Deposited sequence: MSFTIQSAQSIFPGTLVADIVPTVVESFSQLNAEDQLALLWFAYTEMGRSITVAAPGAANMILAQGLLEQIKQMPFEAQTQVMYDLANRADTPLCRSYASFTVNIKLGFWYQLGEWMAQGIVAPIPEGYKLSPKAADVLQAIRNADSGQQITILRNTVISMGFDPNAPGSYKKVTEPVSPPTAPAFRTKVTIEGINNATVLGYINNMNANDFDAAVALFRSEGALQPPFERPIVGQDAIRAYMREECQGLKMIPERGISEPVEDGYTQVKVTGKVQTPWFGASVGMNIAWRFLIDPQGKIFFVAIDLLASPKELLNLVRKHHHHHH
């Protein structure tokens, strides 16, 4: 029958932004000093809008704020080196949005002279300058995804032995039915796909994850499939809060055993940038005969041209 492995190969013509995992890989191989300078240059070169509000994150930022410049620079080398320190382990314990807010606060303090700057006239190594040109050449959604993915990977491995208790964020209540937008997708009336996108746009992660088969999977961009409603809901709650999915176009094809493959293309806006960064996205669904989601992949596309790439099975 159908497996997660076979579902991953649906719509083979979908062109993803492989510049993202390429640059994240190159980035990760630089020394601490290059990584930090790249983060500063990448950040500065780029319209962000903001949480590290929570008491643990706020207090560790206050610890950094009271340190002399030399001790602040050491904390940042430790995060970029993935060193074993309590600050690195606490950073590992942070949810994605707290990691992002943590870095955003350090960037603001650097610009205010509160946190040690990159050393004036600092010289990017050859490999680092290459990485920065790679980032400059990428589109807006690719640039944000490289920055996000790079800072997320800093500090210690969060599942290594002796890991600290993972921080919990409040579940934001969903938009009430009466106030939800309903998407229209040119060429698609599939109730499961419309249900998924409408529930996600409402932050209704309970209703979105209920559409999944108990052993179904969600594959985020450039990640492994996340299997089962418990782990999918956890991913949605941590990584999909306030995403706005603006689907444009789709194709639906019956496949073997009464399953249906549906491809949708459109834009996703993140609360981090609002209407200033539309990420070019594809959703690839495999839907079972009962209308349960067996698989969905979210792909960051190479360019806006890929929004028009809806090729039927040959």
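Quiz item: What are the missing stretches of the deposited sequence, listed from start to end?
Solution: Gaps vs deposited seq, in order: 1, 48, 53 to 57, 322 to 326.
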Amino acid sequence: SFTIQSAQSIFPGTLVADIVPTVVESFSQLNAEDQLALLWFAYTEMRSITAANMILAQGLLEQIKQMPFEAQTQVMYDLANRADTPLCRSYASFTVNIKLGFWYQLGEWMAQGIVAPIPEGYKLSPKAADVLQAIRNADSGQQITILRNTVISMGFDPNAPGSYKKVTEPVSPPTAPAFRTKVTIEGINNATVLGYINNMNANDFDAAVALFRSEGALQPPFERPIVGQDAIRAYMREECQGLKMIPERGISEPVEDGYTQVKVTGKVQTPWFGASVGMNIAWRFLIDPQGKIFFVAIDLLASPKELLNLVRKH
From here on, numbers count along this sequence of modelled residues.
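Exercise. Please work out which of 73 to 81 and 167 to 175 has the higher mean CA B-factor as recorded in the PDB entry.
Key: Higher mean C-alpha B-factor in the PDB entry: 167 to 175.
Quiz prompt | Higher-B stretch (mean Cα B-factor, as the entry records it), 238 to 246 or 123 to 131 | solution = Here the higher of the two C-alpha B-factor means belongs to 123 to 131.
Quiz item: Out of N201, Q112, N159, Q142, which residue has the highest Cα temperature factor in the PDB record?
Solution: Comparing C-alpha B-factors across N201, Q112, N159, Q142, the top value belongs to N159.
Quiz item: Checking the entry, which one of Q29, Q66, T265, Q261 has the top C-alpha B factor?
Solution: Highest C-alpha B-factor among the listed residues goes to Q29.
Quiz prompt | Relative C-alpha B-factor of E253, binned into the chain's lowest, middle or highest third | solution = It falls in the middle third of the chain.
Practice problem: Going by the recorded CA B-factors, say which third of the chain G187 sits in, lowest, middle or highest. | Solution: Ranked within chain, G187 CA B lands in the highest tercile.
Exercise. Using the B-factors in the PDB entry, rank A275's C-alpha atom against the chain and give the third, lowest, middle or highest.
Key: Tercile = highest for this residue's CA B-factor.
Quiz item: Taking the C-alpha B-factors as the PDB entry records them, is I55 in the lowest, middle or highest third of its chain?
Solution: Tercile = middle for this residue's CA B-factor.
Self-check item: Among modelled residues of the same chain, the CA temperature factor third for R89
Solution: Its C-alpha B-factor belongs to the lowest third of this chain's values.
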